[PDB]
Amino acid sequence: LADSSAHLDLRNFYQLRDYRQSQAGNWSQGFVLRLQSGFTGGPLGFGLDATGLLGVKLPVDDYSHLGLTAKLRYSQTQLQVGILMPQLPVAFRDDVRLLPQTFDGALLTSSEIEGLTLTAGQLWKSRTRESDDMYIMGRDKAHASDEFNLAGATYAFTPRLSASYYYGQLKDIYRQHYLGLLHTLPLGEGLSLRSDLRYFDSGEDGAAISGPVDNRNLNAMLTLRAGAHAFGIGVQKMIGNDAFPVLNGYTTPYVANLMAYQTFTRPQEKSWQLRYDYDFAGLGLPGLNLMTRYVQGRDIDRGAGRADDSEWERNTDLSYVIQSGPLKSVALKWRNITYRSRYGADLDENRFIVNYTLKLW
C-alpha cells in the first residue's frame, strides 16, 4: 500500500463585493480530502480514490460531500468511475470559488500511441455548493438531462504544434464540437510566441427539451513570452443568437477572454483582451507574480430592437507562494476585479485567497 497517498487541500477565501445596477462581504473555508490508493499489481490494475469536500461559512457547516472513484489501469489506458473533476474543452470543472465543482461519471483515457491521447466519457451529475441533472447554464433546470457524453482526441504533430478535437453531448439538450490548434514558436532565448486558437460549434440535440441552441464561438489567445515578462492579446467572437453553452454549476467556459467575473460569451458579443504577466523571481522575489488583464466587449444582443450592450472588465492578481519558514508552500492571492457595463450591472470586488495542501501520508 506504499503507493497510496492522502492529502488535505485547504482554501481560505475572502471576498468583498460592491455590486449594483451595496458593499457585502464573505469569508469562508474549504477542505478537500484526497485519498488515493496505489494500483493492484499485474497487467490489469485496480485502485480506489476518495474525495471528501467540506465548505464552512465564517463557523457553520455549509456543504459537505463524499465521493469515491474506482480506477482501472492497463498499459497506457485508464478508466475512472465515480467522482470526477474533468478539465476538458467541453467540460472544464469550476475551481475559482471555494470548492471545486465535481461530476459523477465514467472517464476513459488512453495514450497507447505516441503523441496521441484519446478520451471518452459520460457524466451523470454535476455537484456544487448550491436536485441534480445537467442543463445549459442560464436555462430551465426543470428540463434537465442526466447524460453528458464526451469524446476527444489530442495529437502532438510536433513538440511545437498540437491539435485537439472534442465532442460534448448533453443528451436531448445540446451538442458541441470543439477544435483547438496550439502552436508554440521559439523566437530566441527566453522568447516564444504561443498561439492558442479555439473553435466551438454548438447546436441542439435530440428532443431539444430546452429549445433551440445556436452558437459558434471563435476565440484565440496570442501570448509573447519574454524572459520574466509575458504579453498577451485575445480575441473572441460569439456568432448566432445564443450565448456560448456551458454546463450548469458555473462550469468554466474554455475560452480565451474568460475573466474573474464575466466570461464575455453573451449573445453576439465581440471582445478583445490585453494581458500582462510578471514573474518577480529575477528581481529577487521568487514565488511572487503579477497578472493584469483587461477585456472589452461589444455588440451584446439585448433583443427586440434595443441598443446592444457593451462591457469591460479588468483583473489584477498578485500571487505569492511563501518560499520558506513555517508557512512554506502556502499560496496567497490578492485579486482586484473591476467591471462595468452600459445597460447592466457594475462591480468592484477584492478577493483574498489562501491555499495550502497538507500531505497526510
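Numbering starts at 1 and runs along the sequence shown.
Enter the number of deposited residues without atomic coordinates between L33 and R34, binned as none, 1 to 3, 4 to 9, or 10 or more.
Per the record, no deposited residues are absent between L33 and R34.
With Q21 and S22 adjacent in the shown sequence, let me know how many deposited residues between them lack coordinates: none, 1 to 3, 4 to 9, or 10 or more.
Going from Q21 to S22, the model skips 4 to 9 residues of the deposited sequence.
Out of 152-160 and 235-243, which one has CA B-factors that are higher on average in the deposited record?
In the deposited entry, the stretch with the higher C-alpha B-factor mean is 152-160.
Which of 98-106 and 185-193 has higher mean CA B factor, as the PDB entry lists it:
For C-alpha atoms only, the mean B-factor is higher in 185-193.
Between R139, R198, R275, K171, which carries the biggest CA temperature factor in the record?
Highest C-alpha B-factor among the listed options: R139.
For the listed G325, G303, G297, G67, which has the peak Cα B-factor recorded in the PDB entry?
Out of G325, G303, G297, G67, the record gives the largest C-alpha B-factor to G303.
Could you tell me which third, lowest, middle or highest, the C-alpha B-factor of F352 occupies within its chain?
Middle third - that is where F352 ends up once the chain's C-alpha B-factors are sorted.
Sorting the chain's modelled residues by C-alpha B-factor, tell me whether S319 ends up in the lowest, middle or highest third.
Middle third.
Within-chain third of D205 by Cα B-factor, per the entry:
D205: CA B-factor falls in the lowest third of its chain.
Using the B-factor values recorded in the entry, state whether the Cα atom of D62 falls in the lowest, middle or highest third among the modelled residues of its chain.
Its C-alpha B-factor, which the entry lists for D62, ranks in the highest third among residues of this chain.
Entry-reported Cα temperature factor of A331, expressed as the chain third it lands in
Its C-alpha B-factor, which the entry lists for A331, ranks in the lowest third among residues of this chain.
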